[PDB]
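In the block that follows, a single chain appears as structure tokens, in the form deposited in one PDB entry.
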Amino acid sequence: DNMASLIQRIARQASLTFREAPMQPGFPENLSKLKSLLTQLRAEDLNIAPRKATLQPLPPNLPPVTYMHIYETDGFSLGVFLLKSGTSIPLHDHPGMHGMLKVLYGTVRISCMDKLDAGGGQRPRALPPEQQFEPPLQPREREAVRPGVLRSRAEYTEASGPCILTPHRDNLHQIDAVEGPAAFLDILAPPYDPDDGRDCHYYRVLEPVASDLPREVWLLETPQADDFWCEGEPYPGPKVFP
């Protein structure tokens, strides 16, 4: 038994997944193997202890979420996001990216959405002039409204399987920490690159004047929220080599 750390094995397999005799795995098989490794991942595998709620309100001085960088190549990024109590990663997309996440401690509510896409056989409609929202929309925001669907809204814990998204399915999500702090490992491929036109866009669901899922919604892109930001903090777990 000469095994590497689980995080090193996760990183290797992500590298093979997202990048003659005998034939080595294809992408579906490699993705399924990656997901099998992520199912085994515990917070203790990363030397991260669970965090319990702090009682003081979160002042503007402090970030609601922190990030621990683990590894990245041009194929994928590998990190941990740690959410304080009562905080959220607001609704955002992953343009042309695959993603996999695994809760390490706590509980999160993940709301999974998609913009309606004519490449998927949908026929996205323009926002009709009649319907209105609270708050009302400025005219040019009306022109930017895009139809979407809210697919699911479930709670995940470290006992749940990994949450997977693709470039065209569950590509938008919001992550709420439920009843205390929470953390999750995230794999994204390719990584974001704000300087090469692959950005994290934020969105809001419009409130127009049945709670059943799935349901159609209207989505409006929005700037990163004033009070949402995510600063780094030291990663304490095993190093990914080199």
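Throughout, we count residues from 1 along the sequence that is shown.
The same protein also exists as the form deposited with a partner chain bound; that form is not shown, yet it is the one meant from here on.
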Using a 4.5 angstroms cut-off on non-hydrogen atoms, would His69 count as touching its partner chain in the deposited bound form? yes
**Request:** Tell me, yes or no, whether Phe27 is in contact with its partner chain in the deposited bound form, where a contact means a heavy atom of each within 4.5 Å.
**Result:** no
When the contact criterion is heavy atoms within 4.5 Å, does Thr222 count as touching its partner chain in the deposited bound form? no
*Taking heavy atoms only, is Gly180 within 4.5 angstroms of its partner chain in the deposited bound form?*
no
Within 4.5 Å of its partner chain in the deposited bound form by heavy atoms, the stretch out of 213-221, 36-44, 194-202, 51-59 is 194-202
Checked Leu127, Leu101, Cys112, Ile89 for heavy atoms within 4.5 Å of its partner chain in the deposited bound form; positive is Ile89
